[PDB]
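A short worksheet on the structure shown next.
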Amino acid sequence: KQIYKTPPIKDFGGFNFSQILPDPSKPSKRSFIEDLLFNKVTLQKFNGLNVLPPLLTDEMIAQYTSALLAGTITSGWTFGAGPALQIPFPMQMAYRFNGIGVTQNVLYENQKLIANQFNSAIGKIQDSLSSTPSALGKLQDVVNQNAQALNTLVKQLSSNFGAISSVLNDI
Amino acid sequence: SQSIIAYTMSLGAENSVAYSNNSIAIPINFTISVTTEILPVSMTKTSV
Amino acid sequence: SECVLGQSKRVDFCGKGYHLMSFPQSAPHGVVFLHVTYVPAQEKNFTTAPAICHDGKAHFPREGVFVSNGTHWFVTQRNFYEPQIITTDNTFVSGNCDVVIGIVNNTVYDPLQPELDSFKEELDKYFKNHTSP
Amino acid sequence: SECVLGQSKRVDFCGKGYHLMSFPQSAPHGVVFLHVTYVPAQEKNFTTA
Amino acid sequence: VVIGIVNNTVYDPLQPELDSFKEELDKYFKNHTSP
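Chains as they are written, first to last, in the entry's author numbering: chain H, 784 to 826, 851 to 978; chain A, 687 to 734; chain G, 1028 to 1160; chain E, 1028 to 1076; chain U, 1126 to 1160.
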């Protein structure tokens, strides 16, 4: 319910979030990963058909995503269950490892390796979405089926339907 | 002077969190709250 | 089956916050619950440290987080401020403190010592008595 | 609610393997998650009792 | 009653704390005989 915002400083214990964190340079406040998704998908009428715009603009929903990601990067899980409480990110992962039965002393003794592990994995996401064209089949089929049903309705107007002509005027 | 007006929707109250690498916020007090929850479970029967 | 017959850890499933229990009530063509949740009140900033080493060996909390108001170091629960004196039973040890990034300095108490310390003073007094005969 | 706002203990709900945290990202008529997981590497046999 | 159990020694961390205290106590008693 409250739009949080991350500090401009980026000393996240070596972790790198520049790919998912919003980029101010773009006119729209969307990040490096988000812009490809808007490009991969390939997106008023005559006979009464009309399409209405959504209540939330495409830029507006980008503010929620940044707010959700900003809260979870400094507070963890506490911002969803009451008043937000900040915590260092080098210690938040220590609590997360306690959720899978491994002691917190593993992270602090292997912080450098894990920081590179997570940083390297993030980079592999961007080209995976761009290179393979079968990643967004679920989203691409939503628009295609909706357009297919809308198009075939218009083409049905030319059906004779057992009469001598299809045009309402010449009949 | 109430009348009909059109404006831009407000997404909420802007709030900033002070982040530091050696700072935490531990609450000292708490509270207990109760909330409602409404779910339909059935619809009226009809036979024709 | 989950909210009423037990306590569910699924966040934002039985009430907004930490779930305690629920009460059902009837309704015409419906049902109404009363999710009793727990929510922290006003908070207080502090200064922390991810670890601590006393004699080179690093110490980490067994359960809780290290906390300090600027003068002394304590360990408290993660959802209720309650300072406690640092002792051996509160922290486990693993390795030395030459690897961790951001460690601080302080001494750690040991609860086995004071009874020995009480006995050490008691024992030292007993030798002093035995010098008389 | 589950994967993002907390660390879910449900098996194979927020990514293959043990779960750590997630990241939401917007998309046209959709949403995309980045389920950060934890999986073991090579192992070694042992004798127990 | 338990099956598959094996025998072995277990370190008692309290023992060296008291033993070294007792070992130094033993030398204390020898020390107390000299004067």
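Cβ atoms here follow ideal geometry from the backbone N, Cα and C, with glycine treated the same way.
Cβ of residue i within 8 Å of any chain H Cβ
i	result
residue 1131 of chain G	no
residue 701 of chain A	yes
residue 707 of chain A	yes
residue 1110 of chain G	no
residue 691 of chain A	no
residue 1052 of chain E	yes
residue 1066 of chain E	no
residue 1028 of chain G	no
residue 1097 of chain G	no
residue 1122 of chain G	yes
Bounding residues of the beta strand (DSSP E) (the contiguous stretch that carries residue i)
i	result
residue 1084 of chain G	1084-1088
residue 1072 of chain E	From DSSP, residue 1072 of chain E is part of no beta strand (DSSP E); its letter is neither H nor E.
residue 859 of chain H	Careful: residue 859 of chain H lies outside any beta strand (DSSP E) and carries neither H nor E.
residue 1122 of chain G	1118-1123
residue 1057 of chain G	1057-1067
residue 1047 of chain E	1045-1048
residue 716 of chain A	716-725
Interface flag, residue i vs chain A, CB-CB below 8 Å
i	result
residue 811 of chain H	no
residue 891 of chain H	yes
residue 897 of chain H	yes
residue 962 of chain H	no
residue 915 of chain H	no
residue 872 of chain H	no
residue 959 of chain H	no
residue 881 of chain H	yes
residue 794 of chain H	yes
Host alpha helix (DSSP H) of residue i (start-end)
i	result
residue 949 of chain H	944-962
residue 899 of chain H	896-904
residue 1157 of chain G	1139-1157
residue 913 of chain H	912-916
Test: residue i CB closer than 8 Å to a CB of chain U
i	result
residue 1157 of chain G	yes
residue 1154 of chain G	yes
residue 1047 of chain G	no
Proximity test, Cβ basis, 8 Å: residue i and chain G
i	result
residue 1142 of chain U	yes
residue 719 of chain A	yes
residue 887 of chain H	yes
residue 722 of chain A	yes
Residues that residue i contacts on chain A, provided the C-beta gap is smaller than 8 Å
i	result
residue 1056 of chain G	726, 727, 728, 729 and 730
Nearest-angstrom beta carbon gap, residue j and residue i [assumed within contact, 8 Å]
i	j	result
residue 1064 of chain G	residue 721 of chain A	7 Å
residue 1056 of chain G	residue 728 of chain A	5 Å
residue 794 of chain H	residue 708 of chain A	Between residue 708 of chain A and residue 794 of chain H the Cβ distance is about 11 Å, and since that is not below 8 Å, they are no contact.
residue 824 of chain H	residue 946 of chain H	6 Å
Chain-ordered neighbours of residue i on chain H, where CB pairs are closer than 8 Å
i	result
residue 1036 of chain E	906
Neighbouring residues, chain H, relative to residue i (Cβ below 7 Å)
i	result
residue 704 of chain A	893
Residues that residue i contacts on chain G, provided the C-beta gap is smaller than 8 Å
i	result
residue 1033 of chain E	1038
Amino acids of chain H, ordered along the chain, whose beta-carbon sits closer than 9 Å to that of residue i
i	result
residue 1087 of chain G	901, 910, 911, 912 and 915
residue 710 of chain A	892, 893, 894, 895 and 898
Neighbour list for residue i in chain A, Cβ cutoff strictly below 7 Å
i	result
residue 1091 of chain G	Within chain A, no residue comes near residue 1091 of chain G; the closest Cβ sits about 10 Å away, beyond 7 Å.
Cross-chain neighbours of residue i in chain A, by beta carbon under 9 Å
i	result
residue 786 of chain H	697, 698, 699, 700 and 701
residue 1106 of chain G	712, 713 and 716
Closer than 7 Å: residue i CB and nearest the ligand NAP heavy atom
i	result
residue 935 of chain H	In the structure shown, the ligand NAP is absent, as is every other ligand, since no ligand is present at all.
Contacts that residue i makes with chain G (C-beta to C-beta distance below 7 Å)
i	result
residue 918 of chain H	1128
task: Could you tell me whether the region 1087-1096 of chain G touches the region 871-883 of chain H, using the rule of 3 or more Cβ pairs below 8 Å?
output: Of all C-beta pairs linking the region 1087-1096 of chain G to the region 871-883 of chain H, fewer than three are shorter than 8 Å, placing the two stretches out of contact.
task: Tell me, please, whether the region 1104-1117 of chain G touches the region 703-714 of chain A by the rule of three or more beta-carbon pairs shorter than 8 Å.
output: The region 1104-1117 of chain G, when compared against the region 703-714 of chain A, does touch it at the 8 Å Cβ threshold.
message: Assess contact between the region 1075-1084 of chain G and the region 1123-1130 of chain G, defined as three or more Cβ pairs (one per stretch) separated by less than 8 Å. Is contact present?
response: Touching, yes.
query: Should the region 887-902 of chain H be called in touch with the region 1060-1079 of chain G, which here means at least 3 C-beta pairs below 8 Å?
result: Verdict: yes, contact present.
query: Within the chosen definition, does the region 808-821 of chain H reach the region 1149-1158 of chain G through at least 3 CB pairs nearer than 8 Å?
result: Because the criterion of three Cβ pairs below 8 Å is not met, the region 808-821 of chain H and the region 1149-1158 of chain G do not touch.
- prompt: How do the region 1030-1044 of chain E and the region 876-887 of chain H stand: do at least 3 beta-carbon pairs fall below 8 Å, yes or no?
  reply: At 8 Å Cβ cutoff, the stretches touch.
field: Stretch pair the region 694-704 of chain A + the region 1039-1050 of chain G: three plus CB contacts closer than 8 Å
entry: Short answer: they don't touch.
- request: Pair every Cβ in the region 1133-1142 of chain G with every Cβ in the region 927-935 of chain H, then say whether three or more of these pairs are closer than 8 Å.
  value: Taking one beta carbon from each stretch, the region 1133-1142 of chain G and the region 927-935 of chain H have fewer than 3 pairs nearer than 8 Å; the two do not touch.
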